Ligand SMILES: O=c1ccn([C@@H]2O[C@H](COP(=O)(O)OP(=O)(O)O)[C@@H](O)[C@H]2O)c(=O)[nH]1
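One chain is shown next in C-alpha cells, namely the form solved without uridine-5'-diphosphate.
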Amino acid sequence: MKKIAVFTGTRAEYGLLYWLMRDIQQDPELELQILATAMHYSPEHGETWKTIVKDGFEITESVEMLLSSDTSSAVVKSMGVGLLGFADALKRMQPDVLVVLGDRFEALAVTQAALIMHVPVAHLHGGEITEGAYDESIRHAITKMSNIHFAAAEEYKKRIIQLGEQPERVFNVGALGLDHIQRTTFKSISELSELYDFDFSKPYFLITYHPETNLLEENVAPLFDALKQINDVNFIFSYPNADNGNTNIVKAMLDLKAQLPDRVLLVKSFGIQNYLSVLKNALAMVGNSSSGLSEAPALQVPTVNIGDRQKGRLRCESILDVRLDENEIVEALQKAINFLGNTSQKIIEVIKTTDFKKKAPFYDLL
C-alpha cells in the first residue's frame, strides 16, 4: 500500500490541501501520512494543528520549528530547526511520496530534506510568479528538487517545463483549493455572526496583509490610514504569516482595533470553511494574499491587491492592483463599495499511475 505523506506548515495551505488529504484518507489503497510543522504549532498564529485533528486527521509527525524573534536571521534558524526535526520525522515515516504545496521557507526545508533522503516530492503550485517575496525564488528551487509537478494553469505548466522538468512529469490539474467551491458547504451570515460575536450583516472588507519580504523598509501605515478613512464599513482581519516583518503588521492591526473596537474583528485564523464563508460575503478581499488572486475571483468577490507580493500571477478584471499608498488604497476601496472541481481526483490518479521514483533528467528546450 502506497504511503502518501502530506506536508503542511500553515492553516491556509492546510485548507488548500484539505480535499486531497480527505480523499487519500478515504481511499482504501492509499495510506495518508501528515507531517505538520511551522505555523500550526505557534500560539501567535492560532495553534492551528488543533484544526487538523478536529477535522478527523491523524498528525503522523509534528515538528515545532519557529523561533519567536521577528528577524530574517531567526527565519533561517527556524529552517535549521525544521531540517533537524524533518531528518528524524522522514526517517520514521518512510513515505513513498511527499506532497508539498507552494513556496514558503518551511516548504523549502522539507523539500531538500526529502531530496537528500531520496523521498520523491510531488510539488503543487509551481510555475507561478510572485516577484515581491523571496517565496518567488523558493518556489523555483522547490520545483528543481521535486520529481513530479501539479500546476494550476497551462502558463504555469509551461514555466515548469522551461525550468527543465520533463514534460511527462508536469500536469496542469488546476488549483486544488478551488475544489472547496463544489465540495464544501458555506456558512450563512447568521451562523458567522453567532460564531464570531460580530454582525456580518453589515458591509465589511476582509483584509489579509503579509510582509512583502523583498521590500526593504516596509511601512504598512498607508493601508491602515486608508481603512480609517472609510465610513460605515467593518474591517475583518486574518493574521499575517510567520515571515520576518509580521509583528509590525500585528501591531498596526491591534492599534486599529483599539481605535475602532466595534468595527474591527481580528481572527488569528479562520477554519477554511469559515474563511471561505467570510470571504464570500465580503465587499472585497483587501491586502496581498494569494486568496485575492484565486478564491476571491472564484467567489466573484472584488480584490484590492496591494504592492508586489502577488506580482506576476495571472490577472482578471475583478483584480484592482494598487501601490502601498494611502490615496490609491482609499480610492480602490471606494470602487469596491460603489460597484473544474475535481483537482484532488486528478492528482490521485496521476500519483497512482505514474512512476516518479527517480528525478528525471534535465529537459533542454530544443
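Just count from 1 along the sequence shown to find any residue number.
There is another form of this protein, the form solved in complex with uridine-5'-diphosphate, and it is not shown here; the text below is about that form.
If uridine-5'-diphosphate is transferred from its position in the entry with it bound by superposing the C-alpha atoms around the site, does the shown form leave the pocket open, or is it blocked, with blocked meaning at least 3 ligand atoms within 2.4 Å of a backbone or C-beta atom? If you fit uridine-5'-diphosphate onto this chain using the C-alphas around its site, the pocket comes out blocked.
Taking heavy atoms only, is residue 166 within 4.5 angstroms of uridine-5'-diphosphate in the entry with it bound? Residue-level check for residue 166: no, no contact with uridine-5'-diphosphate.
Would you please decide whether residue 272 lies within 4.5 angstroms of uridine-5'-diphosphate in the entry with it bound, comparing each non-hydrogen atom pair? It does: once uridine-5'-diphosphate is placed as it appears in the entry with it bound, residue 272 has a heavy atom within 4.5 Å of it.
Wondering, does residue 78 line up within 4.5 Å of uridine-5'-diphosphate in the entry with it bound on heavy atoms? Contact with uridine-5'-diphosphate, no.
Give a yes/no on whether residue 149 approaches uridine-5'-diphosphate to within 4.5 Å in the entry with it bound, heavy atoms considered. Residue 149 lies outside the contact set for uridine-5'-diphosphate.
Please name which of the stretches 185 to 193, 67 to 75, 203 to 211, 227 to 235 has residues with heavy atoms lying within 4.5 Å of uridine-5'-diphosphate in the entry with it bound. In short, 203 to 211.
The single option of 280, 159, 268, 263 touching uridine-5'-diphosphate in the entry with it bound, heavy atom within 4.5 Å: The residue from 280, 159, 268, 263 that makes the contact is 268.
What are the residues of 295 to 322, in order along the chain, with a heavy atom within 4.5 Å of uridine-5'-diphosphate in the entry with it bound? Contacting residues: 295, 309, 310.
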